[PDB]
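**Q** Let me see the structure of the following:
(2 chains)
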Amino acid sequence: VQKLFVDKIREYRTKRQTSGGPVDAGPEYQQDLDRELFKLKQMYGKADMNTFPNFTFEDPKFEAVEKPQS
Amino acid sequence: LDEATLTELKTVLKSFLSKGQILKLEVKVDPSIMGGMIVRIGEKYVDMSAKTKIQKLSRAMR
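**A** Numbers count the residues shown, from 1 in each chain, chains lettered A, B, ... in the order given. Pasting the structure now:
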C-alpha cells in the first residue's frame, strides 16, 4: 500500500507546521500539561532554576574530662 | 462495477484453479472496508483493504 505510504507522510508534514505547541488543544492540552507539570513537582519538592546549596554545619563540641589522679 | 473490470475477475479467478471446472461467485457490499476488496477462494483470504491503517501501529510502537 505505497499509496498509503505517501498519504501518512504528507499529513505528517502538515503537523510540522506548528506555532504554539498543540494544534487542537483548547482546554484539553492546557489543563493536562499543567496537571502533569505539578505532579513532577508536587511530591518531588520545591526547587528553583539555578540556586546553589546554602547551609552551614556545626561539629560536636569537644568537652574535657576532669580527673584527680595518682 | 462495470463489465471491463469484472469479466477479468471472472476469468483471472479461473486461472488459479485449473482442474476442468465452471466457477461460481457471490457479491456483498460493505463500506467499512474503505478502499479495497477482499476475496476468499475456498479458505484463502487474500486481503487488500483499509486494514492497513491498523498496520501503521508500528510507527507508534517504538
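**Q** contacting residues around residue A:29?
**A** A:21, A:22 (CB atoms under 8 Å, 6 or more residues apart in numbering or on different chains). Bear in mind the C-beta positions are built from the backbone N, C-alpha and C, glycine included.
**Q** Could you give the secondary structure assignment for it?
**A** Put simply, residue A:29 is helix when judged by DSSP: H, G, I helix; E, B strand; the rest coil.
**Q** Residue A:33 belongs to a strand?
**A** No: under three-state DSSP, residue A:33 falls outside any strand and is assigned helix.
**Q** For chain A, just list every one of the helices.
**A** All helices of chain A, identified by DSSP state H, fall at A:2-13, A:28-42.
**Q** neighbouring contacts of the shortest one?
**A** To tie it back to what came earlier, the one meant is helix A:2-13. B:52, B:53, B:56, B:59.
**Q** Also near chain A: which of those, exactly?
**A** B:52, B:53, B:56, B:59 (CB under 8 Å from any CB of the partner chain).
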